[PDB]
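Taking the form solved without ligand NAD, here's one chain by itself in structure tokens.
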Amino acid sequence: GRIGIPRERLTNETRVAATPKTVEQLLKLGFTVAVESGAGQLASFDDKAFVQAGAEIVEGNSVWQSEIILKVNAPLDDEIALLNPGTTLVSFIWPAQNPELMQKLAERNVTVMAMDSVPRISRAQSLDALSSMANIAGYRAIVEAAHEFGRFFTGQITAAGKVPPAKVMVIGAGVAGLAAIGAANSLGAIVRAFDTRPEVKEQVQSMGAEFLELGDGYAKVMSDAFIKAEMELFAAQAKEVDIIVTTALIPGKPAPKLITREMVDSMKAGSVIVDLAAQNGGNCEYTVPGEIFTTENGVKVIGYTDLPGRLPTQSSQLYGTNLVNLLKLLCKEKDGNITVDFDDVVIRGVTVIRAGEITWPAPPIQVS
């Protein structure tokens, strides 16, 4: 029952699937652990920190001689061949967006658990890698914004006068949005947030932010009238806020253009936009994914797509913990053995390949 933690080989990836702390937890579940030399380096975990935790350090491709492989990103083409039959791989996969990856992994005769496919039910929250990375992203977004911003975020009285607080608008109050509201409010900004779902109002307000206000709900938010009013709201806000964080991103779909060139052009010089939808084209029309773009009117549009990789220690610890929590479901006894029980809707949801046969997608959850 050996778990292998490979070094992440996707260029510029800084995260690792286990930390010294998560390795201790993995051993308490009866597994042994091998970590590939250098795997945690960019996340500030040296080989010897892993050895202190009770892992064995291995070089080269011998980490792939393991019953279980825990990774962040999916095996590259040249890593798929190193998966041996009967191995359980746990990583991000994105099966819906990667049919060819699925076929390649299936031929290897492994069991694959995609961390993007954890069911969004209450009991799976300790396993939800998407929420873990989103929460880090929202915090990191405000750090990135403070870095690029040329003014105090924090209102204060100095001898040379009273400085006002920065004004921050956050579009989308899902997990990333809320984290951004939280970090912004801690820095003493006047925070404002918009979300199409009225249910989140009370949550947004408890964090200290203003909830912005403008045939089922779905039709409503899709209608020309609502979309016109929403664009008007954003145009007006753009004129008075210093920082905008946009988070409206659905996996696999192009991101909606909520912040147009014209809105950004209306902004005060030195303002910052952090576009957390950059990996799907961005919520902002000026966004160049992977980069900061500066407009003619002096606005910095931040479009990095690796915010969690920019908090690599935190992301590795939280993601690693998500994996521990999945393995707690897989290994209820002492004991180092994995049981893929499809009667557990969380397991069923996450398991996208089982012994060489594609089991994705799972059915709608319908429980008695």
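Just so we're on the same page, rigid core means the largest C-alpha set that superposes within 1.5 Å between forms. All residue numbers refer to positions in the sequence shown, first residue = 1.
Not on display, but discussed next: the form solved in complex with ligand NAD.
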{"item": "Contact assignment for ligand NAD in the deposited bound form, among 274, 180, 171, 112, heavy atom within 4.5 Å", "value": "171"}
{"item": "Option touching ligand NAD, based on a heavy atom within 4.5 Å in the deposited bound form, out of 143, 121, 235, 288", "value": "121"}
{"item": "In the deposited bound form, residue 258 touching ligand NAD (heavy atom, 4.5 Å)", "value": "yes"}
{"item": "4.5 Å heavy atom contact, residue 116 and ligand NAD in the deposited bound form", "value": "no"}
{"item": "Interface membership of residue 102, ligand NAD in the deposited bound form, 4.5 Å heavy atom rule", "value": "no"}
{"item": "Exercise: residue 250 in contact with ligand NAD in the deposited bound form, heavy atom 4.5 Å", "value": "yes"}
{"item": "Segment assignment from 88-96, 161-169, 196-204, 288-296: heavy atom within 4.5 Å of ligand NAD in the deposited bound form", "value": "196-204"}
{"item": "Core-superposed comparison between the shown form and the other one: the option from 298, 251, 289, 164 whose CA moves 2 angstroms or more", "value": "251"}
